[PDB]
Amino acid sequence: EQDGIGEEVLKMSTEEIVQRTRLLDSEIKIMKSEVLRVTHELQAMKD
Amino acid sequence: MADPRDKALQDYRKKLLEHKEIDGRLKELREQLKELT
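Residues numbered from 1 in each chain as written, not as in the entry; some residues may be left out. Chains lettered and ligands numbered in written order. Part of a larger assembly, values for the part shown. Heavy atoms only, no water.

Method of determination, as given in the entry header: cryo-EM; reported resolution: 11.8 Å.

Trainee: Is there a simple way to explain the interface of chain A and chain B in this structure?
Mentor: The figure often quoted for interface size is the accessible area lost as the parts come together. If you look at the interface, chain A gives 24 residues, while chain B gives 22 residues. Between chain A and chain B, the buried area comes to about 2,200 Å², and carbon and sulfur atoms account for 76% of it. It is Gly4(A), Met31(A) and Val35(A) that lose the most area in chain A upon contact with chain B, and together they represent 24% of the buried surface on that side. In this assembly, chain A and chain B are joined by one residue pair in polar contact. Taken together, the elements giving at least two residues each to the side of chain A that touches chain B come down to α1 (6-11) and α2 (14-46) of chain A. Of the residues assigned to the side of chain A that touches chain B, the class counts are eleven nonpolar, six polar and seven charged. (Contact = heavy atoms within 4.5 Å. Buried area = accessible area lost by both parts, 1.4 Å probe. Polar contact = N/O pair within 3.5 Å; in protein donor to acceptor, adjacent residues only side chain to side chain. Helix = DSSP H or I, 4+ residues; strand = E, 2+ residues; numbered from the N terminus. Nonpolar A, V, L, I, M, F, W, Y, C, P; charged D, E, K, R; others polar.)

Trainee: Mind showing me how you'd approach the nonpolar core here?
Mentor: A general feature of soluble globular proteins is that nonpolar side chains tend to end up buried together. Core analysis: the biggest nonpolar cluster contains seven residues, these being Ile28(A), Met31(A), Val35(A), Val38(A), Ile22(B), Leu26(B) and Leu33(B). Among the secondary structure elements, those contributing two or more residues to this core are α2 of chain A together with α1 (4-36) of chain B. Looking at which element gives the most residues to this core, the answer is α2(A), with four residues. Leave out the neighbours within four places in its chain, and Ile28(A) touches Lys15(B), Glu18(B) and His19(B). (Core = buried A, V, L, I, M, F, W, Y, C linked by side-chain atoms within 4.5 Å. Buried < 20%, exposed > 50% of the residue type's maximum accessible area, 1.4 Å probe, protein only.)

In structure tokens, the structure reads:
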């Protein structure tokens, strides 16, 4: 496919897989908050 | 699947889709800002 395949597990290092899982989680908080802040920013411009 | 490492891989994909899904909303709400500015 593009993930979940055996090849990719073999290809990367085991350590790097642990660091990648942590790093990516963090991005989600900030992106989701980015969308909300815009939705509010719209009301603020209207005010 | 056969590795925890694969469980991990499958989560990256949901996030790739997630990053996209948000970007579409974000841009629709953004256009609206431009008119107000």
